[PDB]
C-alpha cells in the first residue's frame, strides 16, 4: 500500500538524527505517529528509555507506571520470554499493555511486543498498544524497522559510555602526572577536608599540617584546573568544584 509514505517520514527523522546524539523521546514520537499506536521503548531492567502516547486511556495504575518511567519488575522479566515478535496480544495475556483492569470495556485493547536485539544480545523491548486497529503486516514492518534502529542506538549509547568512562579516567591520570610529590600530598589532604564534590577550602588549615607552602597548594589546583578536572572561585578569606566524575575515584588509590 502507501506504507511508503509512513516509512519516508520515519526515515526522514533518522536521516538527520543520524550521528550524535541519541534521543529516544523524539524517536518514540515518530513511531507513535507512523505506527499509529502507543510506544514504550523498554530497557532490559524495565526502564523507559523513551515513549510516546497516541491514545491516552485514563487510568491511575498505568499513567503512574509511566511516571517512574519504570515497568513492574515482574512484567519486565516476562518480556525475556518473548524471543520472537508477538503480535496482537489479548487483554487477557500476561504481556498486555492494558491492566485497566475492567477489561470488558477494552475489547480492542491490543498489545505488540517486538524484542530489541543488537545481534549479540537482547538490548531492550519495544512495547506497543492500540485501541483502534488490528496489528497487520503493515504495522509490523514499521515496528520491526524501528526495533532494529533502536537496537543500534542502544548499542551506540552503551559503546559511547565505555569510551567516555575510560576517556574521563585518562585525562584525570594525566592531570595527576603533572603533580610533584608535595603537590600530590597537597591535593590528597585538600579533598579530605572537603569530603565530597563541593566545599570551601581553608588553605590556612592546611600548609601548617606538613609545612608545605600554600603556594604549592596553588600549583596543585591550577594543574588540575588546567585539564578541566576542577574549577575554583575566589571566595572571601577558596571554593572548588570538581568537573570530572572519576577524579575522586582515581584519587582514592593511595
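Numbering follows the first chain given and starts at 1.
- Missing deposited residues between residue 237 and residue 238: 1 to 3, all without coordinates in the entry.
- Look at the mean CA B-factor for 111-119 and for 90-98 in the entry; the higher one is 90-98.
- Once the C-alpha B-factors are averaged per stretch, 151-159 and 176-184 rank with 176-184 first.
- Highest CA B-factor among 105, 142, 127, 166, as stated in the entry: 105.
- Of the candidates 65, 53, 41, 229, the one whose C-alpha carries the top B factor in the deposited record is 65.
- The entry lists a Cα temperature factor for residue 28 that places it in the lowest third of the chain's modelled residues.
- Among all modelled residues in its chain, residue 242 ranks in the highest third by Cα B-factor.
- When the CA B factors of the chain's modelled residues are split into thirds, the value for residue 9 lands in the lowest one.
- When the modelled residues of the chain are ordered by C-alpha B-factor, residue 85 sits in the lowest third.
- Placement of the Cα temperature factor of residue 220 within the chain: lowest third of the modelled residues, per the deposited record.
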